[PDB]
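Visitor: File upload.tsv below, TSV, C-alpha atoms:
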chain	number	residue	atom	x	y	z
A	2	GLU	CA	18.97	-6.68	12.27
A	3	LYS	CA	19.88	-4.77	9.10
A	4	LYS	CA	18.53	-1.22	8.70
A	5	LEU	CA	17.92	1.40	6.02
A	6	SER	CA	20.39	3.65	7.87
A	7	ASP	CA	23.10	0.99	7.51
A	8	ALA	CA	22.81	1.18	3.74
A	9	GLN	CA	22.84	4.98	3.87
A	10	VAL	CA	25.98	5.01	6.02
A	11	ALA	CA	27.74	2.62	3.63
A	12	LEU	CA	26.96	4.67	0.53
A	13	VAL	CA	28.26	8.01	1.83
A	14	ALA	CA	31.25	6.35	3.51
A	15	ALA	CA	32.15	4.77	0.18
A	16	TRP	CA	32.36	7.90	-1.98
A	17	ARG	CA	33.82	10.03	0.78
A	18	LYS	CA	36.67	7.54	0.73
A	19	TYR	CA	36.65	7.37	-3.07
A	20	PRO	CA	35.35	10.63	-4.60
A	21	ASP	CA	35.11	9.15	-8.12
A	22	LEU	CA	32.22	7.04	-6.78
A	23	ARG	CA	30.26	10.13	-5.77
A	24	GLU	CA	28.13	10.44	-8.91
A	25	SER	CA	27.06	6.80	-9.11
A	26	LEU	CA	26.54	6.16	-5.40
A	27	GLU	CA	24.75	9.45	-4.66
A	28	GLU	CA	22.46	8.40	-7.47
A	29	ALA	CA	21.96	4.98	-5.87
A	30	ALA	CA	21.29	6.75	-2.60
A	31	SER	CA	18.67	8.93	-4.29
A	32	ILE	CA	17.03	5.89	-5.88
A	33	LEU	CA	16.90	4.12	-2.51
A	34	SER	CA	15.26	7.23	-0.97
A	35	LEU	CA	12.73	7.36	-3.82
A	36	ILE	CA	11.88	3.70	-3.36
A	37	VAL	CA	11.39	4.11	0.38
A	38	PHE	CA	9.14	7.15	-0.13
A	39	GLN	CA	6.97	5.43	-2.77
A	40	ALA	CA	6.67	2.31	-0.66
A	41	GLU	CA	5.57	4.28	2.39
A	42	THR	CA	3.00	6.17	0.30
A	43	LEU	CA	1.44	2.91	-0.91
A	44	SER	CA	1.68	1.39	2.57
A	45	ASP	CA	-0.30	4.26	4.14
A	46	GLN	CA	-2.86	4.02	1.36
A	47	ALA	CA	-3.19	0.25	1.99
A	48	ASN	CA	-3.50	0.85	5.71
A	49	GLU	CA	-6.31	3.36	5.23
A	50	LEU	CA	-8.15	1.03	2.83
A	51	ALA	CA	-7.74	-1.82	5.35
A	52	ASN	CA	-9.08	0.46	8.12
A	53	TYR	CA	-12.10	1.33	5.95
A	54	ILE	CA	-12.77	-2.36	5.26
A	55	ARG	CA	-12.62	-3.14	8.99
A	56	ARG	CA	-15.06	-0.34	9.82
A	57	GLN	CA	-17.42	-1.78	7.20
A	58	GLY	CA	-17.37	-5.11	9.06
A	59	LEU	CA	-16.26	-7.04	5.99
A	60	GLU	CA	-14.83	-10.10	7.74
A	61	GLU	CA	-14.07	-11.83	4.42
A	62	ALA	CA	-11.04	-9.51	3.96
A	63	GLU	CA	-9.92	-9.79	7.59
A	64	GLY	CA	-6.91	-11.97	6.77
A	65	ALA	CA	-5.73	-9.44	4.19
A	66	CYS	CA	-6.14	-6.52	6.61
A	67	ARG	CA	-4.16	-8.44	9.23
A	68	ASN	CA	-1.41	-9.06	6.67
A	69	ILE	CA	-1.12	-5.29	6.04
A	70	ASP	CA	-0.56	-4.76	9.78
A	71	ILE	CA	2.09	-7.48	9.96
A	72	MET	CA	3.89	-6.12	6.93
A	73	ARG	CA	3.79	-2.55	8.23
A	74	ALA	CA	5.37	-3.58	11.55
A	75	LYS	CA	8.07	-5.54	9.68
A	76	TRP	CA	8.79	-2.44	7.54
A	77	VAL	CA	9.30	-0.20	10.57
A	78	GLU	CA	11.92	-2.71	11.85
A	79	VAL	CA	14.07	-2.14	8.75
A	80	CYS	CA	13.16	1.41	7.71
A	81	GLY	CA	11.94	3.02	10.92
A	82	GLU	CA	9.34	5.78	10.71
A	83	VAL	CA	9.33	9.54	10.10
A	84	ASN	CA	8.06	11.64	13.00
A	85	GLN	CA	6.53	15.13	13.00
A	86	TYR	CA	9.97	16.73	12.96
A	87	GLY	CA	10.80	14.94	9.72
A	88	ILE	CA	13.33	12.70	11.47
A	89	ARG	CA	13.40	8.99	10.55
A	90	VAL	CA	13.57	7.17	13.91
A	91	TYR	CA	14.21	3.50	14.74
A	92	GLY	CA	13.46	1.15	17.64
B	2	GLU	CA	14.86	8.29	-16.13
B	3	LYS	CA	16.69	6.28	-13.50
B	4	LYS	CA	15.85	2.77	-12.37
B	5	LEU	CA	16.39	0.25	-9.58
B	6	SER	CA	18.86	-1.54	-11.90
B	7	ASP	CA	20.98	1.63	-12.01
B	8	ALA	CA	21.37	1.51	-8.23
B	9	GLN	CA	22.07	-2.25	-8.30
B	10	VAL	CA	24.76	-1.93	-11.00
B	11	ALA	CA	26.40	1.03	-9.20
B	12	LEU	CA	26.94	-0.91	-5.96
B	13	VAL	CA	28.50	-3.83	-7.78
B	14	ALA	CA	30.63	-1.59	-10.02
B	15	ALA	CA	31.99	0.14	-6.92
B	16	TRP	CA	33.30	-2.91	-5.05
B	17	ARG	CA	34.61	-4.50	-8.22
B	18	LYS	CA	36.74	-1.38	-8.55
B	19	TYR	CA	37.54	-1.13	-4.84
B	20	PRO	CA	37.50	-4.63	-3.23
B	21	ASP	CA	37.74	-3.11	0.27
B	22	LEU	CA	34.17	-1.78	-0.17
B	23	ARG	CA	32.71	-5.22	-0.88
B	24	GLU	CA	31.69	-5.95	2.71
B	25	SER	CA	29.90	-2.65	3.31
B	26	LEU	CA	28.33	-2.36	-0.15
B	27	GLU	CA	27.22	-6.00	-0.42
B	28	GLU	CA	25.42	-5.40	2.86
B	29	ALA	CA	23.86	-2.24	1.41
B	30	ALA	CA	22.83	-4.20	-1.70
B	31	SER	CA	21.12	-6.83	0.43
B	32	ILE	CA	19.29	-4.12	2.38
B	33	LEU	CA	18.09	-2.52	-0.85
B	34	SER	CA	16.98	-5.97	-2.02
B	35	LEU	CA	15.11	-6.63	1.24
B	36	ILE	CA	13.38	-3.24	1.10
B	37	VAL	CA	12.26	-3.85	-2.48
B	38	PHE	CA	11.02	-7.32	-1.59
B	39	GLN	CA	8.96	-6.13	1.40
B	40	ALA	CA	7.54	-3.21	-0.59
B	41	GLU	CA	6.49	-5.48	-3.44
B	42	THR	CA	4.93	-8.00	-1.02
B	43	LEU	CA	2.81	-5.24	0.58
B	44	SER	CA	1.98	-3.84	-2.89
B	45	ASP	CA	0.61	-7.19	-4.05
B	46	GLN	CA	-1.49	-7.39	-0.87
B	47	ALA	CA	-2.79	-3.86	-1.51
B	48	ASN	CA	-3.70	-4.92	-5.04
B	49	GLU	CA	-5.79	-7.87	-3.76
B	50	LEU	CA	-7.60	-5.57	-1.30
B	51	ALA	CA	-8.54	-3.38	-4.23
B	52	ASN	CA	-9.56	-6.49	-6.21
B	53	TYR	CA	-11.84	-7.50	-3.35
B	54	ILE	CA	-13.40	-4.02	-3.17
B	55	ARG	CA	-14.12	-4.01	-6.88
B	56	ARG	CA	-15.51	-7.57	-6.83
B	57	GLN	CA	-17.93	-6.53	-4.07
B	58	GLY	CA	-18.94	-3.44	-6.07
B	59	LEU	CA	-18.10	-1.18	-3.12
B	60	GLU	CA	-17.94	2.13	-5.04
B	61	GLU	CA	-17.50	4.14	-1.85
B	62	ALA	CA	-13.82	3.10	-1.83
B	63	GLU	CA	-13.21	3.04	-5.59
B	64	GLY	CA	-11.02	6.15	-5.28
B	65	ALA	CA	-8.68	4.18	-3.01
B	66	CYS	CA	-8.48	1.42	-5.65
B	67	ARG	CA	-7.63	3.90	-8.38
B	68	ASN	CA	-4.97	5.39	-6.08
B	69	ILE	CA	-3.45	1.95	-5.55
B	70	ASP	CA	-3.36	1.34	-9.32
B	71	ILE	CA	-1.62	4.66	-9.93
B	72	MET	CA	1.01	4.01	-7.26
B	73	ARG	CA	1.69	0.47	-8.54
B	74	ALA	CA	2.15	1.82	-12.06
B	75	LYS	CA	4.61	4.47	-10.79
B	76	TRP	CA	6.54	1.80	-8.88
B	77	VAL	CA	6.90	-0.39	-11.96
B	78	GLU	CA	8.30	2.64	-13.89
B	79	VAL	CA	11.21	2.75	-11.41
B	80	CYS	CA	11.56	-0.89	-10.32
B	81	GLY	CA	10.12	-2.87	-13.21
B	82	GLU	CA	8.25	-6.12	-12.64
B	83	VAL	CA	9.40	-9.64	-11.75
B	84	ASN	CA	8.03	-12.14	-14.26
B	85	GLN	CA	7.09	-15.79	-13.65
B	86	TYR	CA	10.69	-16.87	-14.13
B	87	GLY	CA	11.92	-14.51	-11.45
B	88	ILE	CA	13.54	-12.06	-13.89
B	89	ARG	CA	13.01	-8.36	-13.13
B	90	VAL	CA	12.04	-6.69	-16.43
B	91	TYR	CA	11.38	-3.06	-17.40
B	92	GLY	CA	9.26	-0.95	-19.72
B	93	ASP	CA	8.09	-2.66	-22.90
B	94	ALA	CA	9.80	-5.90	-21.88
B	95	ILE	CA	6.96	-6.40	-19.37
B	96	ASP	CA	4.07	-8.79	-20.20
Could the structure of this file be written out as C-alpha cells, please?
Guide:
Amino acid sequence: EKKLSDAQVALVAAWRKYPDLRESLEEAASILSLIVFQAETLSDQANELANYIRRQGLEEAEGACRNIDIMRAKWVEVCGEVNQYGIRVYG
Amino acid sequence: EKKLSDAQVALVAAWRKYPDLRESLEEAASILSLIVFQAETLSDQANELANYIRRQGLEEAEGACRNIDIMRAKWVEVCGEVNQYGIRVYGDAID
C-alpha cells in the first residue's frame, strides 16, 4: 500500500525539519522524479509496441503483451498516473 | 552526472545523522527500491518484445525496437545494471 507520494512527503518533511539535508535530499527527490519519468516513457513505448503486435495477430507474443498490461496496472498502484492537467493522481 | 546510488546513499546518510528520520526515510528507500525493481522488470519485458520483433524480421516496427534500446541505455546511465551476482554496477564496471 506504499506510494510514490509517500516517498515524496518523507523527503521534503525531512529537510524542512533539518535544513542541512536540503541539498542531498532535494537531489534524491530529483533523481526519483527522473527515474519515474524515464520508466513511464519506456512503459508507454512498450505498451504501444504490444498494441502493434496484437493488431498484427502475432499470438506467439501474447504472453509478453499480457505481461506488459499486468505490469502497467501494478505501476499505477504505486506511482499513479498523470492526467491532462499535469496532476499525478492515485486510486 | 548523478546516479541512483547518490539517492540511495543520501537517504541512509540522513537517518544515520538524524535517527528520528529512520522510519520515514527507510520507507522512502523501500519505495524507491520497489519503483526501480518494477521499472527494470518492465524494461526487460520490453527488451524481449523487441527481440521477438527482430527475430521475426518485422521491419515495420524496427523504429520501436531502436527506441527501446535508446531508453534502456539511458536508464543504465542513471541506474547502472544488476549483474549475475545481484550487484548493481555502473559505467565501465558493467559487463
Visitor: If you count all atoms listed in the file, which residues fall within 12 Å of residue 67 in chain B, apart from same-chain ones fewer than 5 positions away, as a PyMOL selection string?
Guide: (chain A and resi 43+46-47+50) or (chain B and resi 47-48+50-52+54-55+60-62+72-74)
Visitor: Could the residues of chain B within 6 Å of chain A, counting only C-alpha atoms, be given as a ChimeraX atom specification, please?
Guide: /B:8,11,25,29,40,47
Visitor: What does the distance from CA of residue 42 in chain B to CA of residue 24 in chain B come to in Å, to one decimal?
Guide: 27.1 Å
Visitor: Looking at only C-alpha atoms, which of B:26, B:95, B:10, B:16 is the one that sits closest to residue 13 in chain A?
Guide: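 Going through B:26, B:95, B:10, B:16 one by one, the smallest distance to residue 13 in chain A is for B:26.
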